Structures are given as structure tokens and as C-alpha cells.
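Asker: below: the sequence, then the experimentally determined structure.
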Amino acid sequence: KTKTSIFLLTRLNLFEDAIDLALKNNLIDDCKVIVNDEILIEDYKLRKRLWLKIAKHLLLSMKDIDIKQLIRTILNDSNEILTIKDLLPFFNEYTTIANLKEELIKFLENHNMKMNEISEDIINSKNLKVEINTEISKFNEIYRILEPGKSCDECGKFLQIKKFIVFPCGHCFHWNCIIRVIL
Amino acid sequence: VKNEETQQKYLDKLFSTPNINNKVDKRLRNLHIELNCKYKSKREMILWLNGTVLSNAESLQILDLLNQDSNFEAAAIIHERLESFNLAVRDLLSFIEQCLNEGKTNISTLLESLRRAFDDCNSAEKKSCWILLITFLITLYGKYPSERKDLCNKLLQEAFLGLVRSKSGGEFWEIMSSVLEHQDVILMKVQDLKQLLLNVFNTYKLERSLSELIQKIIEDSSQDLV
Amino acid sequence: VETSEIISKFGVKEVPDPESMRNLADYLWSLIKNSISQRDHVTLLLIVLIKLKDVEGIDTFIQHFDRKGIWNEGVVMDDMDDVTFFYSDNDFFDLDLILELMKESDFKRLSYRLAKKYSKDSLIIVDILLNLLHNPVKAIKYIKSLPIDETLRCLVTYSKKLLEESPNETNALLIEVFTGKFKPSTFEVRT
């Protein structure tokens, strides 16, 4: 039974055997639907193996015809998996120089863009680190905070009787009221 | 004077300092130019050729003298000073081929020569020169039996990186595709081309791998500083 | 000084540059020699090692690295088939990324040695030995030298593949497993 066996294998958690049987039965559409409906996730490793097996079954099966179009359609349906590098070992011998050249050009452009982005990020990080270091160095020994004629806060009594724990934005503490607050 | 080396030494300090302002001799300059060929120090010859007046007639005479000599590097330097990009590229390719045939250039020396050749090619209608250099490198790799395969792969990777940094370059990549037409002229084995492509892809992936770690370290440091 | 400040001046250029990455590897070696066991750093320490063609720079690391993550000379015993191999995870270089990078190159022959040092990967060791290293006799021996009877997932996962090369040994192992003969065994390295 073409369909009953496939359904039983799918229900039996034997997806590899089901995929092999579907490939042997030339049920490409059913196998593609099963692959796309992979609800179970195994870090895409099993999915990658299944996609590679499906591509190998499709590859070297019939006439090339629109070989570039077929390869592009397979890559698009792969949904960001089984890159051209993986398909290169199974390319065997052919004359599809144009499609391979286009794929290599696209890969090289992507790699160049990634390298440029990495270099720009590194330069931005270096500039930010330099600016942060300059700001930290400038902030040292430049406090220049001032005490008003008469001052006090929190405790209420008088700032100049115990200590001078002073913060920015005009706050005053006795080194004792603050430790009382945290307790 | 009955000693050529004494005359060479005398004429060395005569023209070494450019402080001369009132110069009237003409035969002495020609004698110095002609007798500089008698110097057997190739490194010192290159050092002297680095800084010189380099008159057009003097440049032609130097090129004619070096035509018999094996100092291809000096000829390439003269061509670069003469703004002969194609001639300089050809001289660099000939020097690289001679070094490969001799089998004495070090791996670091070969890498330095490849970097210098890539810089010279980038200095230059440079697409035709780059295609010719790539074809020459492919022919040298094919002719040379497998030792130099790693050097050929490194040269191919460097050429690919230079082509990427030139902009692939769009039509230049098509020129590389046109270079693929020259590959049809080569018509080499499919297995060797597939192995070379796989090695190039693996090298690119390995190079891209470390960038993520470097960026992660830099980002961690920047976050800590912030 | 701070480490990332030193590392910043390196990188950028990825030309073959044996001197530059040789110096980087020496700096990382000196950094890991005494202290500062950053998890990422040692990972990078592997990557550059894969970048170069050197091999003796990797096994020596395995020789003098403690299972718990201490760099010291002298090979000693480890808590095999224990929490360090079943429960404790600790921290070390990411095996998955490192294993993939090694499999990218042809140096995977010695990777089987590196698999033993790394913990976990109970069901990945058989796959590495069977699919990659071939030699089904070695895979059968490893399956015989597997852990206690609780280690039955590998059999249920790869029995179909195992029963293709040497069914007789596979049949005997299956009969022993299903008959209650779950005793352990020593480990070493047409009818």
C-alpha cells in the first residue's frame, strides 16, 4: 500500500524509513509535503540529512532540462538549508558553469558584506571604548562639587556636625541617616 | 685608474648626495650608469634602483642592461617606476614562475611575493591583467605536480579575496566568468576543479568562523566598559 | 593590561600570515598556561589550531587537561561512567561547533580520540565511529563496551544500521541484551 504504509511509518516515528520508501515509490510530492510538515524538531540535523537524501534522489534522476531553474527551485524550497556547498559534492560531471558561477558570486558577495559589517562593528566598538576611556579619565579629579552657605538634608539637624557624605543633584547625608535608611 | 671597483667607489659618493647644484660633467654620468652593471650585489642593486633620477634614456639603458640579467625584480621595479602596469605584472609573473621552478623560495617569501603581486594588480583595465594572472597561476598549478598545491590554493584564495575587495565587481565577476571560458580552454579534470572549489569554500567558512568569536569578545569588552 | 586590548590589534587581516597567527597562538598558550580559563578563549584556541596544519598542538592539550578543567601535566584517572560522564556538565569548548569544524577538514581521523575527552555525546560516539570512521567491528566493540544496561537508546536507534554489516555479532548482542544478560565488559583502545 503506497499511502497506508507511509501513514503507518509516520505514526511509528520512523521518518527515515518512510522517506526512503516514498523516494523508492517516486512520491516526490508526498515526500516534500512530509519534509515541510516536520513538526518534530531534532536541531535540524535529521532535517538536514533528510533534505540531503531528497536532493540526492532528485539529482541524477532524469534529464537536466532547466538544470539552473530546477536547482534554484530546490534551493528556494529548502528554506535556508542545504546550501550550494553541500550540493557541490553531488554535482558529478556537467556543464552548468553559469549557475555555479552565479551561486559562487552570490556567496562571495554575502561573505564580503559580512566581513565589512564585522569590520564596521569592530571599528565602532573601538571608538566607543576610546570615548568611554576618555570620559572616565576626564571624570577623575574634576568633581568640583560645592557646599551652600549652611546646608542639611534627611537628618534635618545640620550637615556640618557628623560627616559630608554628599551626592550629585544637591543631596546631603550624615553617614548615619543613610545607614539607618538601608537598614 | 687601473681598477674598475675603485672607479665605482669614487662615483658612488659623487652622486650619492643630491646636494649637487652645479653639475657640468656628462661622460662621467654615462660611465657610472654603464659601470653600475658591474656591481654583483643584487640586493644593493635593488636598493640603488629604489632611489634614482631615472631619466628616460637612462631608464631605457637600464632596462636594456637588465634584459640580459636575471634580476626580474629590478625589471619589475623599473616598469613600475615607468608606469608600465602590464609590463610590471608580466615581470612579476615571470619571477614567480622562476621561483617556483627553482623550488627555493620560502613559504613566507612566496606569500609576500603573492601579496606584492596582488597589490601591483590592484594598482592598475586591471580586469584583463587580473584574468591573465589568474590564467597563468592556473596553468602553473596544473603543470606543477603535487608540494606546491597548498601554495596554489593560497594564491587562488588571495586572488578571490582581492577580486571581492575590488568592488566579484559585477561585470568583473562576469570577467571571471569569462575567465571560466578560458577554463573551457584549459578543459582540466572535473575532479580537480571540484576539489579546488570545495577547498576554497572550506577555507572561506573557516575564515568566517573566527570573526564571530572576535566580535563576541569585543562586544563583551565594550559592554563591560559601558 | 586587559586581554581584549591585546587581542584587538590582531585579527582584521585573515591572510595566511603564519607569523601573526603563530604569535596569537603563543599568546593564547601563555594565557592558558597559568590561569584565566575563559570558556570562549580555549574555544578560539582550538579554532586557530584547526587553521594551522599542526597536529601535536592539539593532542598535547588533551594529554595535560583535567576532566574538570585544570591545565596540568601528568595523566591521571578520571571519574568514568560517573556524574562527570552522566550528570555533571562543567564548562569547556563547545564540542558541536568544534566537531563540525574538524569534520570540515580531513583531520577527522584523530577526532575519535578527541571525542573520548569530551563528556556527554553518548549517542554521538557510535555515530562518529560507525558513519565516519567506518570499521563496523570497532563500532560493535564500542557498543559492547558501552555503559550499564540503562544505555540502551543507542541500540534502539542504530540496530537497523548495525544489523547490515555483521548480523551474527549483532544477533548475539541483541539476544544477550533481551535475555537479561546485561553484565558489563572491559574497555580498551557465511553460516
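Answerer: Cool, got the structure. Numbers count the residues shown, from 1 in each chain, chains lettered A, B, ... in the order given.
Asker: next, residue B:175: secondary structure please.
Answerer: State at residue B:175, reduced to three classes by DSSP: H, G, I helix; E, B strand; the rest coil: helix.
Asker: next one: it from chain A, what distance?
Answerer: Separation of residue B:175 from chain A (Cβ to the nearest Cβ, to the nearest Å) stands at 11 Å. No exception for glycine: its C-beta is placed from N, CA and C like everyone else's.
Asker: residues contacting that residue?
Answerer: B:127, B:130, B:131, B:169 (Cβ atoms under 8 Å, 6 or more residues apart in numbering or on different chains).
Asker: which one of the residues you listed is nearest chain C?
Answerer: Nearest to chain C, judged by Cβ to the nearest Cβ, of the contacts of residue B:175 is residue B:130 at 17.7 Å.
Asker: that closest one contacts residue B:158, correct?
Answerer: No - under the criterion of Cβ atoms under 8 Å, residue B:130 makes no contact with residue B:158, lying 11.7 Å away.
Asker: ok, those two, which is more surrounded?
Answerer: residue B:130 (24 against 18; other Cβ atoms under 10 Å in any protein chain shown).
Asker: tell me the SS of the more buried one?
Answerer: From three-state DSSP, the assignment for residue B:130 is helix.
Asker: ok, it - contacts?
Answerer: B:121, B:159, B:162, B:163, B:172, B:175.
Asker: between those, which is nearest chain A?
Answerer: For the contacts of residue B:130, the nearest to chain A is residue B:163 (7.9 Å; Cβ to the nearest Cβ).
Asker: pretty sure that closest one sits in a helix.
Answerer: Yes - according to three-state DSSP, residue B:163 belongs to a helix.
Asker: give me the number of residues near it?
Answerer: Neighbours around residue B:163, by other Cβ under 10 Å: 25.
Asker: isn't it right up against residue B:176?
Answerer: Yes - if you go by Cβ under 8 Å, residue B:163 and residue B:176 touch, sitting 6.6 Å apart.
Asker: just the contacts of residue B:175 now: which is nearest residue A:78?
Answerer: If you rank those by distance to residue A:78 using Cβ to Cβ, residue B:169 comes first, at 28.5 Å.
Asker: which element is the residue lying closest to residue A:23 once chain neighbours are set aside on?
Answerer: Spatial nearest neighbour of residue A:23, excluding adjacent residues (Cβ to Cβ, 6 or more residues apart in numbering or on different chains): residue A:57 at 4.5 Å. Assigned by DSSP states H and E, residue A:57 falls within helix A:45-58.
Asker: got it, and residue C:158?
Answerer: With DSSP H and E as criterion, residue C:158 is part of helix C:153-162.
Asker: so how far is chain A from the most centrally placed residue in chain C?
Answerer: Closest to where the C-alpha atoms of chain C average out (Cα atoms, centre = their mean) is residue C:115, at 1.8 Å. In this view, residue C:115 and chain A are 17 Å apart by Cβ to the nearest Cβ.
Asker: can you dump the C-alpha coordinates of the helix or strand residue B:88 falls within into PDB?
Answerer: Using DSSP H and E, the element containing residue B:88 is helix B:85-102. Extracted in PDB, the C-alpha atoms of helix B:85-102 (Å, rounded to 0.1, in the frame of the first residue of the first chain):
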ATOM      1  CA  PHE B  85      51.500  48.100 -15.300                       C
ATOM      2  CA  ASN B  86      51.200  45.300 -17.800                       C
ATOM      3  CA  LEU B  87      55.000  45.000 -18.100                       C
ATOM      4  CA  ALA B  88      55.300  45.000 -14.300                       C
ATOM      5  CA  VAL B  89      52.600  42.300 -14.000                       C
ATOM      6  CA  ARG B  90      54.400  40.200 -16.600                       C
ATOM      7  CA  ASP B  91      57.700  40.600 -14.900                       C
ATOM      8  CA  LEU B  92      56.200  39.600 -11.500                       C
ATOM      9  CA  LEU B  93      54.600  36.600 -13.100                       C
ATOM     10  CA  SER B  94      57.900  35.600 -14.700                       C
ATOM     11  CA  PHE B  95      59.700  36.000 -11.300                       C
ATOM     12  CA  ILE B  96      57.100  33.900  -9.600                       C
ATOM     13  CA  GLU B  97      57.400  31.200 -12.200                       C
ATOM     14  CA  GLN B  98      61.200  31.200 -11.900                       C
ATOM     15  CA  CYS B  99      61.000  30.900  -8.100                       C
ATOM     16  CA  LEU B 100      58.500  28.000  -8.400                       C
ATOM     17  CA  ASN B 101      60.700  26.200 -10.900                       C
ATOM     18  CA  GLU B 102      63.800  26.700  -8.700                       C
END
